[PDB]
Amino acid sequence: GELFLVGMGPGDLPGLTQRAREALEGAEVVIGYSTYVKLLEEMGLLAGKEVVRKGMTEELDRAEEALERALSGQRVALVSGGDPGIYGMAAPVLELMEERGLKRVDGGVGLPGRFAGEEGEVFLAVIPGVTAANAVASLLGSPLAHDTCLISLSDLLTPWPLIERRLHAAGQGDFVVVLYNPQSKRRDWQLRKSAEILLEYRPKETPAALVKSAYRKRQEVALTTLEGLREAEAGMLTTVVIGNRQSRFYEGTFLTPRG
């Protein structure tokens, strides 16, 4: 069967690539987390297709569901917000295929590729999409105009000590920092802690920003400073951007110099 991991971009119809539109068009079954599936449903892109979102809350369940359906011979589209390879479905799917002992049967390298196992075969492809970092940057100015680090604050499946390590490294290397999954329930202090770590490498007045629901309804852009981040509140659909030692604000824009 076919299994296409389709990156949706930030969330609006214009945000998808034609390649993503085409992948959805050819899919017989579309799988993804409720919120994303509904966005596509509202766009009117899932008419006449089997839509699967019930019981798709868990990352692993979505991957297993999509893989078993593809192995059975269905043309599946597993949707991800932004890009599937950035804290998305690409990794869970490959890890599951590896676990199931699927082997490449076309002699190729990378993807797309055809794989097969005792339980069938699957043509796997990843359709890229605009990731949150680039999407929120377009709503800020040129914050990522220089070397950037992408870090997820989702301690889920990743030790906080390591995240601290990633933050110190990003801090000492003077990288612009983009925080994915900035705030949680279990640990409502991670954002503040992240800011304090970075504060040891760059000024309090270092430009920072919290962009919520980029390109979606209730989109919100909030400019602040690294120091201000210590008391900031972030949602589940928020991406935080922290400038480097050269970043500065220019007439409302977050400007990170090219040189």
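All residue numbers refer to positions in the sequence shown, first residue = 1.
Taking only CA atoms, the mean B-factor in the PDB entry is higher for 110 to 118 than for the other of 110 to 118 and 128 to 136. When 171 to 179 is weighed against 157 to 165, 157 to 165 comes out higher, by mean CA B-factor as recorded in the entry.
Remark: of 141, 85, 101, 92, 101 shows the highest value [criterion: C-alpha B-factor in the PDB entry]. Going by the entry's values, 232 shows the largest Cα B-factor out of 221, 208, 30, 232.
When all modelled residues of the chain are sorted by CA temperature factor, residue 148 is found within the lowest third. For residue 20, the recorded CA temperature factor ranks within the lowest third of the chain's modelled residues. When the modelled residues of the chain are ordered by their C-alpha B factor, residue 194 lands in the middle third.
Among all modelled residues in its chain, residue 62 ranks in the middle third by Cα B-factor.
Among the modelled residues of its chain, residue 225 has a C-alpha B-factor that falls in the middle third according to the deposited record.
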